[PDB]
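Here the structure comes first, spelled out in structure tokens, and everything after it is commentary.
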Amino acid sequence: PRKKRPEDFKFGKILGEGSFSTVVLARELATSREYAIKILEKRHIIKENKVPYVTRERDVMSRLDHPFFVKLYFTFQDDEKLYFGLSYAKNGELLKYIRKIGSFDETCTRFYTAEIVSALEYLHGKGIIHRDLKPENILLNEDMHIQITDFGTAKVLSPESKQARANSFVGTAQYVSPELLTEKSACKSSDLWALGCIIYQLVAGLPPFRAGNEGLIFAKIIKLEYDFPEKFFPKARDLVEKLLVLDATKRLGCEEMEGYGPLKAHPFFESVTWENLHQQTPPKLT
Ligand SMILES: O=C1c2ccccc2-c2n[nH]c3cccc1c23
């Protein structure tokens, strides 16, 4: 289609702000479609060494074609700015709901965990590691299905070299894997560690390694220093114990543990119909 331009849209509210990008709601005049348009100022990204992250985001998003990921529809630029036209996920961050409700019941924990697992199966199947999986990066569309975002710190592993490990130091302290801290590399299984932290957070209300500053969190991660509250659903506790494993080759779902089949077969997921989750009606949070 014809390359789009800023004057093709009516821009509305800011949806999200980052250190070097802003996401604005926009309506395309010719179609009345709403998009979340991520806008980056060229001068700022150029001066602040952020171009590689922008190019990474574009390259990774261009490869994805799955209901549980934000879609990149179009890109364009003008003299000052770069624009990425993205899916609009009207209900915003999963984190908002955790904070408001406190924690999720078992049905809701299972459904949303299953969507995230299905998403990771797809991503890992394409040889891509997210590296910054967390509730702030898991958006909810109008129908309350997930849409994972934030691919500027993702990595396409090279199929040509059978690459398994990546060397860039990226992530968020609460969710970062022990291997990144200790061995200075991440792998697909690093996202499974983040998953285990997320499941824990949905049930407990807080992620498992927490402190008022990053170094203290790191110290806890490397020692596997965390505990479960009372009434933590037993099969979810079992699952989290199978994900929060220091040895990245021993996490349920990882390649050395024979992949997603055994993870999807975990007793916590007994009821789950995996093949068409995005067409199922999500359970109500309240
Ligand atoms: O931060 C948001 C965001 C925040 C609130 C509501 C919707 C969105 C939203 N919809 N699509 C995208 C793509 C990237 C980021 C964001 C979105």
Side-chain angles (χ1 to χ4, degrees), residues 4 6 8-29 31-42 44-45 48 50-77 81-101 104 112 115-116 118-120 122-123 128-155 170-172 174-175 191 194 198 201-202 278 282 284-286:
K4 300 189 192 300
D8 293 324
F9 300 89
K10 181 183 180 176
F11 289 90
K13 75 191 296 297
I14 292 167
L15 296 170
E17 299 188 20
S19 322
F20 63 90
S21 59
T22 305
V23 181
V24 188
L25 182 60
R27 180 172 307 274
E28 189 183 18
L29 295 176
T31 64
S32 103
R33 286 167 165 168
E34 296 179 301
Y35 292 98
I37 297 188
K38 183 181 288 203
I39 303 181
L40 308 93
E41 183 179 39
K42 290 174 181 178
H44 182 65
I45 63 173
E48 194 65 16
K50 303 310 201 215
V51 174
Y53 305 96
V54 178
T55 65
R56 180 69 51 88
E57 182 174 17
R58 188 185 169 149
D59 187 83
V60 170
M61 289 191 76
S62 91
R63 301 166 179 261
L64 305 178
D65 181 30
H66 188 283
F68 295 150
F69 291 91
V70 165
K71 174 171 182 176
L72 175 67
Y73 290 87
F74 54 77
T75 69
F76 57 91
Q77 58 185 292
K81 306 165 177 279
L82 298 182
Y83 306 77
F84 291 170
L86 305 176
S87 318
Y88 174 40
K90 172 178 189 69
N91 284 312
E93 301 175 358
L94 175 64
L95 181 56
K96 161 159 51 190
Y97 293 89
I98 302 174
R99 292 195 172 160
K100 186 177 72 175
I101 304 167
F104 283 18
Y112 284 103
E115 296 205 331
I116 300 162
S118 182
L120 290 175
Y122 174 81
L123 197 66
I128 299 173
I129 316 170
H130 190 288
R131 299 196 295 193
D132 202 16
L133 191 68
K134 55 180 173 176
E136 165 180 304
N137 283 341
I138 303 167
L139 310 179
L140 291 164
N141 70 14
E142 184 175 350
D143 283 335
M144 292 295 289
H145 293 280
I146 72 176
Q147 288 188 277
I148 296 175
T149 194
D150 192 13
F151 287 95
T153 42
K155 180 71 178 162
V170 295
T172 296
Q174 287 77 7
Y175 308 92
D191 288 333
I198 294 162
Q201 184 173 6
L202 294 175
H278 88 279
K284 294 169 176 170
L285 290 173
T286 50

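Heavy-atom basis, side chains included; hydrogens, waters and symmetry copies ignored. Read the numbers this way: they start at 1 and go in the same order the structure lists the ligands and their atoms. One is the number of the first residue; the rest follow in order along the sequence.
In terms of polar-atom proximity, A89 is counted as a contact of ligand 1, with an N or O under 3.5 Å from an N or O of the ligand. Distances between N or O atoms of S87 and those of ligand 1 include at least one value under 3.5 Å.
Only the side chain of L139 comes within contact range of ligand 1, with a heavy atom under 4.0 Å; no backbone atom does.
Below 4.0 Å from some heavy atom of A36 lie the following atoms of ligand 1, by number and element: 10 (N), 11 (N), 12 (C). Listed by number with element, the atoms of ligand 1 under 4.0 Å from a non-hydrogen atom of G92 are 5 (C), 6 (C). Of all atoms in ligand 1, numbered sequentially from 1 with element shown, those under 4.0 Å from a heavy atom of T149 are 14 (C).
Close placement of the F151 and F69 rings is indicated, their centers lying within 6.0 Å of each other. The distance between the ring centers of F76 and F9 falls below 6.0 angstrom. Side-chain rings of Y73 and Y35 approach one another, their centers coming within less than 6.0 Å.
Between the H130 side chain and the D150 main chain, a donor and an acceptor come within less than 3.5 Å of each other.
Of the protein's non-hydrogen atoms, the one nearest atom 4 (C) of ligand 1 is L15 O, 3.3 Å.
In this structure, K134 fails the cation-pi test against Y175, since its NZ or CZ atom is not both closer than 6.0 Å to the six-membered ring centre and inside 45 degrees of the ring normal.
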